[PDB]
């Protein structure tokens, strides 16, 4: 029985979101690709290149017009008439608009597609712009984080396939299931925060006991994600567990909310 078509496109990016996706522990990314979805276009993984690849792109968006999911990694630059990101000799933004037009829905992977991420940090040399400021007529599910958690990415896909619907979202379009609560509201170091038990300098006795990282700049109190519950890399760790405060990487504009080591 056929699998749901997914077109995965790439703007200005570091490819962290693709890399996170293939980390998925359950379902394995292998099984997502072979059994759960039909990953019909993706420059990073596909056999075809050049004219062969673009024939696939055009065939898929035509034949499955109105019936495919568009996944977007990275973002479009508006500067230099869009040619800070060139795709088949033309601005990326034009490929984005074409792909968006045929999609039933769009997944904005990562802080890049959701908000802007690092290229949009001051002074945004390329005028990198999040998808929802370019595409204003389609459902967009924001899955932020730099990158998002692997098993979050795959759980959102399994939800779509199993329940035949988009995840319900918050006011910013993030799936409630994984972005409804703050890092700090599910943090295992919260007892220390509450007691005033803080790391004050790296590798002090507090650090060696897993005390709270608030005074080292942790942005968990203002950041919504599943890192402190679902955790990373098959439940192995998350930023705070390994001794670094949250950077705030799931939140809009986190790069320019001051030093990671300041309040």
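Residue numbers count along the first chain shown, from 1.
In this crystal structure, the stretch out of 72-80 and 98-106 whose C-alpha atoms carry the higher mean B factor is 98-106.
As listed in the deposited structure, the average C-alpha B-factor of 60-68 and of 203-211 is greater for 60-68. Per the PDB record, residue ranking by Cα B-factor puts residue 217 in the lowest third of the chain. Per-chain ranking of the deposited C-alpha B factor places residue 35 in the highest third. For residue 188, the recorded CA B-factor ranks within the lowest third of the chain. Only modelled residues enter the ranking. Among all modelled residues in its chain, residue 53 ranks in the middle third by Cα B-factor.
Among the modelled residues of its chain, residue 127 has a C-alpha B-factor that falls in the highest third, as given in the PDB entry.
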